[PDB]
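Residue numbers (the deposited numbering), protein chains in the order written: chain X, 123 to 181, 187 to 283; chain U, 243 to 286; chain O, 61 to 240; chain V, 55 to 88, 104 to 119; chain M, 174 to 218, 234 to 326; chain B, 99 to 138, 163 to 196; chain R, 251 to 280, 294 to 350. Take a look at the structure below.
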Amino acid sequence: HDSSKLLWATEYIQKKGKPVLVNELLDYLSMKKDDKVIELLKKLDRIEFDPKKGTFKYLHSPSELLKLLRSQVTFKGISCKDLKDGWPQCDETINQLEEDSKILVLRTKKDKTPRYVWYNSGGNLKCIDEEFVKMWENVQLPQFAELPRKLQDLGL
Amino acid sequence: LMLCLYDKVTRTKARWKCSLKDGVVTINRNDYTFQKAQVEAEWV
Amino acid sequence: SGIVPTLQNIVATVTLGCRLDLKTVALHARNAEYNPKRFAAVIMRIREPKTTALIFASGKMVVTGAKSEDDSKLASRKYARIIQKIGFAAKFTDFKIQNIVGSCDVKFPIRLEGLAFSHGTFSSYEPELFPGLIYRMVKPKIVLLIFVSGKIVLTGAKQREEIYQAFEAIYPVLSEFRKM
Amino acid sequence: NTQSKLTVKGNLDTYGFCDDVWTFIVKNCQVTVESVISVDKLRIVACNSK
Amino acid sequence: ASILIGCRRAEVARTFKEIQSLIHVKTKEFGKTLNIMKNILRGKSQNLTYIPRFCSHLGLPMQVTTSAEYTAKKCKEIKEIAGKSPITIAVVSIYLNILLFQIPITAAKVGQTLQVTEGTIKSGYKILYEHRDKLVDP
Amino acid sequence: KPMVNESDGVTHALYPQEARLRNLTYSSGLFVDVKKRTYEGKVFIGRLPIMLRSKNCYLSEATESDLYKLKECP
Amino acid sequence: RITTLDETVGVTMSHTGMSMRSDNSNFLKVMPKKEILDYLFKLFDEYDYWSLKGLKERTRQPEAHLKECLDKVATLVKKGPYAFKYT
Ligand SMILES: [Zn+2]
Numbered sequence: 123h124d125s126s127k128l129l130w131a132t133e134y135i136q137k138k139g140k141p142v143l144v145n146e147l148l149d150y151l152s153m154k155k156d157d158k159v160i161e162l163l164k165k166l167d168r169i170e171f172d173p174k175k176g177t178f179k180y181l187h188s189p190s191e192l193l194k195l196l197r198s199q200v201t202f203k204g205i206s207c208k209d210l211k212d213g214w215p216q217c218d219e220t221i222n223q224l225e226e227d228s229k230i231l232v233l234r235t236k237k238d239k240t241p242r243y244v245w246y247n248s249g250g251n252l253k254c255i256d257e258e259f260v261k262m263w264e265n266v267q268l269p270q271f272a273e274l275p276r277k278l279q280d281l282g283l
Numbered sequence: 243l244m245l246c247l248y249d250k251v252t253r254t255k256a257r258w259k260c261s262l263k264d265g266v267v268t269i270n271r272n273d274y275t276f277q278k279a280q281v282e283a284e285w286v
Numbered sequence: 061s062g063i064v065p066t067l068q069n070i071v072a073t074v075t076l077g078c079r080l081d082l083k084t085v086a087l088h089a090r091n092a093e094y095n096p097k098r099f100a101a102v103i104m105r106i107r108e109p110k111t112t113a114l115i116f117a118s119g120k121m122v123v124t125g126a127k128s129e130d131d132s133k134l135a136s137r138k139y140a141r142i143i144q145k146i147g148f149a150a151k152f153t154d155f156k157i158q159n160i161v162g163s164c165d166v167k168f169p170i171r172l173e174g175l176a177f178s179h180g181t182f183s184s185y186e187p188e189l190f191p192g193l194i195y196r197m198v199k200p201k202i203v204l205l206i207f208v209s210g211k212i213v214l215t216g217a218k219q220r221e222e223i224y225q226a227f228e229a230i231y232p233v234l235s236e237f238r239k240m
Numbered sequence: 055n056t057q058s059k060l061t062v063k064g065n066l067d068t069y070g071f072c073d074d075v076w077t078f079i080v081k082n083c084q085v086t087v088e104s105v106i107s108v109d110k111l112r113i114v115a116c117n118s119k
Numbered sequence: 174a175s176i177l178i179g180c181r182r183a184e185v186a187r188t189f190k191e192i193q194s195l196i197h198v199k200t201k202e203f204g205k206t207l208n209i210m211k212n213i214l215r216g217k218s234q235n236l237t238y239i240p241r242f243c244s245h246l247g248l249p250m251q252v253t254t255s256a257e258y259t260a261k262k263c264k265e266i267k268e269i270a271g272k273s274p275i276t277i278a279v280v281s282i283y284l285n286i287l288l289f290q291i292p293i294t295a296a297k298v299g300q301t302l303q304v305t306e307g308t309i310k311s312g313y314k315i316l317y318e319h320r321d322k323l324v325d326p
Numbered sequence: 099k100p101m102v103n104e105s106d107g108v109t110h111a112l113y114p115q116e117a118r119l120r121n122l123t124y125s126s127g128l129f130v131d132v133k134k135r136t137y138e163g164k165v166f167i168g169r170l171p172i173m174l175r176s177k178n179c180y181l182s183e184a185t186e187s188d189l190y191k192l193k194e195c196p
Numbered sequence: 251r252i253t254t255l256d257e258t259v260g261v262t263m264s265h266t267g268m269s270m271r272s273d274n275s276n277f278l279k280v294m295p296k297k298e299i300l301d302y303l304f305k306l307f308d309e310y311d312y313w314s315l316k317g318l319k320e321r322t323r324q325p326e327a328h329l330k331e332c333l334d335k336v337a338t339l340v341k342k343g344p345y346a347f348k349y350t
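Below you can see the structure in the form of structure tokens.
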């Protein structure tokens with residue numbers, strides 16, 4: 123079919139994943155021997171077609192990650208689907224680029240911590256021990272407008 | 243070449259008893275059509 | 061004493077350095093067994109030494125049935141020659157001893173009850189499941205079997221020297237609990 | 055329409071198991087029919118009927 | 174196996190089948206994990237009682253057991269490890285005593301009560317018929 | 099009829115005199131035939171204490187001399 | 251009325267204990296990828312609601328070969344009303 127040939131060629135181009143001659147593209151899967159696939163490559167982004175030499179590519188750094196993280200300011204939250212495909216082992220970069228240099232959203236330790244769009248000043252700030260964090264939880268923020276007097280009682 | 247079907251072959255590391263059913267045996271230009279054959283072979 | 065452990069079973073590992081087609085190996089070799097859905101290793105055997113091999117498509121070869129390092133090595137080399145005879149670029153390398161099983165007979169009956177009771181740390185004993193006693197030496201880390209019939213079976217060693225050391229250290233136990 | 059029973063008693067030379075196909079090549083083997106045929110070259114090719 | 178550890182500690186014991194059929198755990202990992210319990214027991218620290241219970245279900249007088257016990261004692265000491273899992277020859281101690289007396293409890297009835305194959309019964313009986321010469325107490 | 103399953107597991111007829119001395123309970127077992135069915163023999167269920175001199179007790183109709191033998195006052 | 255059990259207490263107890271006999275009365279006793300892909304392409308096209316396990320059940324092919332066959336020319340949907348359907 124017209125769509126089946128395009129789907130198979132796109133997967134085959136994805137399976138090949140390398141820029142090679144368009145002539146070899148047809149013989150790799152023995153299906154894209156008609157002009158329909160070549161026109162589909164120029165018309166669809168699944169197969170990259172350009173006037174240059176035979177080459178099909180995908181249609187990469189923590190610096191780009193930070194800019195991409197900054198690219199989602201006051202917007203929806205993105206996933207690392209493009210980040211890891213556009214930069215393999217992008218989860219490691221999050222661990223390496225700590226101190227907010229690469230923020231993430233670790234869903235759990237059973238799904239490779241699927242991250243989300245996040246930017247921060249400190250990010251981790253691990254040096255504050257949980258004892259300070261526990262006493263932060265142990266101290267409960269008090270009730271209503273008596274509190275402005277309460278901090279006045281403490282001298283504020 | 244005995245192009246038959248096996249049922250149950252018993253062996254302890256030195257001997258073969260090959261059950262054969264619904265097949266043929268070709269010896270001396272005369273085919274042996276058998277219901278059940280047990281090839282009690284021996285291993286070197 | 062004067063009784064040396066008699067080696068029973070040597071299990072080894074061999075890497076041929078090239079991937080193998082176990083179907084072609086089974087077909088070409090006159091002495092080879094392979095079941096794809098029972099165990100994905102060719103059970104290739106020779107009579108000298110009388111050994112069993114676990115020949116995998118990845119090239120791993122587990123040689124068992126030998127009773128020494130050199131017999132296992134020669135069996136592995138013969139199996140590698142069988143492999144290279146077909147046309148696979150096998151290479152006899154990375155030969156390693158995995159398990160060495162030795163046996164010996166102190167020839168006198170032992171008091172297994174006192175041996176078990178005194179050696180709860182070192183001896184494993186359940187006469188109703190197996191009337192032989194399992195002795196676990198730490199130096200060397202060897203497992204030893206102890207029976208009333210006097211037979212002692214030592215297994216799992218990386219070296220037959222470990223088996224000999226285990227029997228030399230356990231012979232005082234065998235003679236100490238010898239019933240006369 | 056098969057009634058014969060065969061009992062091949064000889065010396066197996068080569069064997070092989072692939073695609074659940076057993077190839078038993080016996081040399082100087084005697085097969086007992088129901104008369105026993107002492108046949109030198111026999112190749113038992115056993116295929117899975119299950 | 175805790176019950177086995179319990180009952181044995183309770184100074185009685187029942188055959189594994191009487192417990193394995195009581196609680197089916199395929200008997201393989203059951204015993205294997207059972208053994209380490211003794212090792213844990215030692216780390217945290234016997235057919236002689238099977239005698240009267242066996243004759244109990246068959247309803248006989250009291251003097252059988254000690255007469256059987258005398259026979260049971262003689263087998264193992266000289267030779268005849270006799271069983272490799274020697275639970276089998278526990279009955280062999282008994283049957284050559286019921287062969288002595290005229291009450292018909294032939295291995296047909298023992299085989300359905302004590303559940304021993306006559307392959308073990310007849311073999312154990314006859315190899316103990318060889319040494320029964322030294323076994324005349326009264 | 100009344101009996102007792104002793105420590106080893108042996109089960110023998112129990113006599114009332116023994117019951118009092120050995121702190122036993124003069125009971126007897128119950129057994130029911132069970133029929134099991136799958137749709138598209164005898165089963166023990168428990169014991170039962172028995173009234174002394176009841177129809178089922180060993181002392182049901184024993185002789186006076188026999189009672190003396192069993193050490194139970196007529 | 252009740253039938254007295256003259257048979258001794260042990261023998262009446264015999265069946266009721268561990269006699270090592272049960273079940274006397276029966277009661278509650280208790294590959295090639297292209298051809299597979301060709302099978303998957305045929306199974307998906309011929310039957311829109313062709314189960315992947317059903318394709319393994321119909322083509323009599325291994326689940327590893329049948330599942331890998333669907334990833335090329337067949338649709339593998341695991342959620343929604345069209346669950347486990349190859350088209
Ligand atoms: Zn408030």
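For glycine and all other residues, C-beta sits at the position ideal for the given N, C-alpha and C.
Item checked: For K322/M and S255/M, the rounded distance between their alpha carbons -> C-alpha separation (whole angstroms): 14 Å.
Check: Expressed to the nearest angstrom, what Euclidean distance is found between the alpha-carbon atoms of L195/X and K218/O?
Finding: The straight-line gap from Cα to Cα measures roughly 56 Å.
Check: Are the stretch 241–258 of chain M and the stretch 205–220 of chain O in contact at 8 Å, needing three or more beta carbon pairs?
Finding: No: fewer than three Cβ pairs fall under 8 Å.
Check: Do you know offhand how far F116/O's Cα is from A135/O's?
Finding: Spanning the alpha carbons of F116/O and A135/O requires a straight line of approximately 16 Å.
Checklist line | For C260/U, the residue or residues it bridges with in DSSP | finding: DSSP output for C260/U lists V251/U, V281/U as bridge partner(s).
Next item on the list: Determine the chain R residues that contact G163/B at a beta-carbon separation under 7 Å, and present them in chain order.
Entry: What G163/B touches in chain R: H265.
Note to self: Under 7 Å: does the beta carbon of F259/X sit that close to some heavy atom of ligand 1?
What the structure shows: No - ligand 1 has no heavy atom lying nearer than 7 Å to the Cβ of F259/X.
Notebook entry, point to check: If you draw a straight line from the alpha carbon of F207/O to that of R171/O, how long is it in whole angstroms?
Noted result: Looking at the two C-alpha atoms, the distance is approximately 9 Å.
Next item on the list: Have a look at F129/B, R135/B, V130/B, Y190/B and flag the residue whose alpha-carbon is nearest the alpha-carbon of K279/R.
Entry: The option with the nearest alpha carbon to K279/R is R135/B.
Check: Can you find a C-beta in chain O that's less than 8 Å from the C-beta of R187/M?
Finding: Contact with chain O is absent for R187/M, since none of that chain's Cβ atoms lies less than 8 Å from the residue's Cβ.
Check: chain O beta carbons: is any one of them nearer than 8 Å to that of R215/M?
Finding: True, the Cβ-Cβ gap to chain O drops below 8 Å.
Next item on the list: Could you check if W263/X is buried or exposed, using at least 16 other CB atoms within 10 Å of its CB as the buried criterion?
Entry: Classification for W263/X: exposed.
Item checked: Check: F271/X C-beta below 7 Å from any heavy atom of ligand 1 -> Answer for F271/X: yes, Cβ within range of ligand 1.
Next item on the list: Would you mind sorting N55/V into buried or exposed? The rule is 16 or more other CB atoms within 10 Å of its CB.
Entry: Flag for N55/V reads exposed.
Notebook entry, point to check: Leaving out five residues before and five after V108/V in sequence, what residues of the same chain have Cβ atoms less than 7 Å from its Cβ?
Noted result: When the five nearest sequence neighbours on each side are left out, the beta carbons in the same chain lying within less than 7 Å of the beta carbon of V108/V are those of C83, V85, in order along the chain.
Next item on the list: Examine chain R for any beta-carbon lying closer than 8 Å to the beta-carbon of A111/B, and answer yes or no.
Entry: So yes, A111/B belongs to the interface.
Notebook entry, point to check: Is the Cβ of residue 262/O closer than 8 Å to any Cβ of chain V?
Noted result: Summary: the structure shown does not reach residue 262/O, with chain O confined to residues 61 through 240, and so no result is reported for it.
Check: Touch check for the stretch 69–87 of chain O and the stretch 149–162 of chain O: three-plus C-beta pairs under 8 Å?
Finding: As far as the Cβ criterion goes, the stretch 69–87 of chain O touches the stretch 149–162 of chain O, which means the pair count is three or higher.
Checklist line | Range covered by the beta strand (DSSP E) that runs through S107/V | finding: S107/V -> beta strand (DSSP E) spans 105–117.
Item checked: Residues that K310/M contacts on chain O, provided the C-beta gap is smaller than 7 Å -> Going along chain O, no residue has its Cβ under 7 Å from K310/M, so there is no contact; the nearest lies around 22 Å.
Check: Beta-carbon separation of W313/R and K335/R under 8 Å?
Finding: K335/R sits away from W313/R, with the two beta carbons spaced by 8 Å or more.
Item checked: C-beta atoms of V304/M and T259/M nearer than 8 Å -> No, the Cβ-Cβ distance between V304/M and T259/M is not below 8 Å.
Margin query: If distances are taken between C-alpha atoms only, which option among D106/B, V102/B, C195/B comes closest to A117/B?
Written below: It is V102/B whose Cα lies nearest to the Cα of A117/B.
Next item on the list: Give the DSSP-derived three-state secondary structure of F276/U in the structure shown.
Entry: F276/U sits in a strand when the DSSP states are folded into three classes.
Notebook entry, point to check: Does the beta carbon of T262/R come closer than 8 Å to any beta carbon on chain B?
Noted result: At least one chain B Cβ lies under 8 Å of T262/R.
Margin query: Please list, in chain order, the chain R residues whose beta carbon lies closer than 9 Å to that of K134/B.
Written below: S275, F277, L278, listed in chain order.
Notebook entry, point to check: When the cut-off is 8 Å and only beta carbons count, does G180/O lie next to chain M?
Noted result: With 8 Å as the cut-off, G180/O counts as an interface residue toward chain M.
Check: According to DSSP, what are the bridge partners of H110/B?
Finding: DSSP lists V102/B as partners of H110/B.
Notebook entry, point to check: Would you call the stretch 301–317 of chain R and the stretch 258–266 of chain R touching, i.e. three or more CB-CB distances under 8 Å?
Noted result: In short, these stretches do not touch, since the Cβ pair count stays below three.
Check: Would you call the CB atoms of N69/O and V161/O closer than 8 Å?
Finding: Their beta carbons are under 8 Å apart, which means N69/O touches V161/O by this criterion.
Next item on the list: Closer than 9 Å by beta-carbon distance: list the chain M residues that pair up with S272/R, in chain order.
Entry: What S272/R touches in chain M: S194.
Note to self: Looking at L80/O: is its Cβ nearer than 8 Å to the Cβ of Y94/O?
What the structure shows: Contact check for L80/O against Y94/O fails: the beta carbons are separated by 8 Å or more.
Item checked: Length at least 3, wholly inside the stretch 143–223 of chain O: the beta strand (DSSP E) runs in chain order -> Inside the stretch 143–223 of chain O, DSSP marks whole beta strand (DSSP E) runs of 3 or more residues at positions 153–165, 183–186, 190–197, 202–206, 211–215, from first to last along the chain.
Notebook entry, point to check: Straight-line CA distance for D256/R to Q115/B?
Noted result: Each residue's alpha carbon lies about 22 Å from the other.
Next item on the list: Label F227/O either buried or exposed according to how many other C-beta atoms from any shown protein chain fall within 10 Å of its C-beta, with 16 as the threshold for buried.
Entry: The residue is buried, with at least 16 neighbouring Cβ atoms inside 10 Å.
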